[PDB]
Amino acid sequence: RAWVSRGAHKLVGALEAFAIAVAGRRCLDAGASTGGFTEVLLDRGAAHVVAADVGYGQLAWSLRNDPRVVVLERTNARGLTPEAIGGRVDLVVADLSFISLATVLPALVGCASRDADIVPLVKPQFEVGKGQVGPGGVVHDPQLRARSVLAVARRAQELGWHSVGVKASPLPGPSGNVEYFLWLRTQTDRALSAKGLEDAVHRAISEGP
């Protein structure tokens, strides 16, 4: 509940920062821990949302019963395919815990159309190496958070997916980690250059939540 509010607030921050249209589009929520992302997508006029159930907890039935929502069960983010979700989508969102986006990005890409937006939430606490998460489970070093974002961007680019924008999530995670949405597209004329991405990342880190 409180958690659904928090998820919804985060994704509105992302959609607005990036000017991504949702109306009439097919969407995938790659790790629906809360129905927050899903509710926002419905609210902003998605034609259809595939919500991948994480296997613990429970998405609200009222969400499951919505005619525009398919809850996909028994399948973590790396296992997702077009076949599994009923075809390629126009918008992919992911708020995943305890896993690096580098490992999941190939499946997410595999679920996306040519013309799609992919907007993962980069969580440095699950990207940095051992010894680098500080006291309280937070990545305190802003340069490490920046590198985290750049590493995911590099991984995406190896896959043909360019970085178009970065935006700090307006709420920190519950233990205090600042987390960052990265906007990825493969068909674009406004892809950030290396310097352009560095600038985008540095401003996002300096802004904060």
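Counting begins at 1, following the sequence as shown.
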Check: According to the deposited model, is the average Cα temperature factor higher in 90-98 or in 129-137?
Finding: 129-137
Checklist line | Of 187-195 and 10-18, the stretch whose C-alpha atoms average the higher B-factor in the entry | finding: 187-195
Checklist line | C-alpha B-factor winner, where the candidates are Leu59, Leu28, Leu171, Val164 | finding: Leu59
Note to self: Per the entry's Cα B factor values, which of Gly176, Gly55, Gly36, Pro142 stands out as the maximum?
What the structure shows: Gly55
Check: With respect to C-alpha B-factor, does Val109 fall in the lowest, middle or highest third of the chain as deposited?
Finding: middle
Next item on the list: Just say lowest, middle or highest third for the CA B-factor of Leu80 relative to the other modelled residues in its chain.
Entry: highest
Check: Compared with the other modelled residues in the chain, in which third is the CA B-factor of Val49?
Finding: lowest
Check: Based on the entry's values, in what third of the chain does the Cα temperature factor of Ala116 lie: lowest, middle or highest?
Finding: middle
Check: Should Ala151 be placed in the lowest, middle or highest third of its chain by the C-alpha B factor in the entry?
Finding: lowest
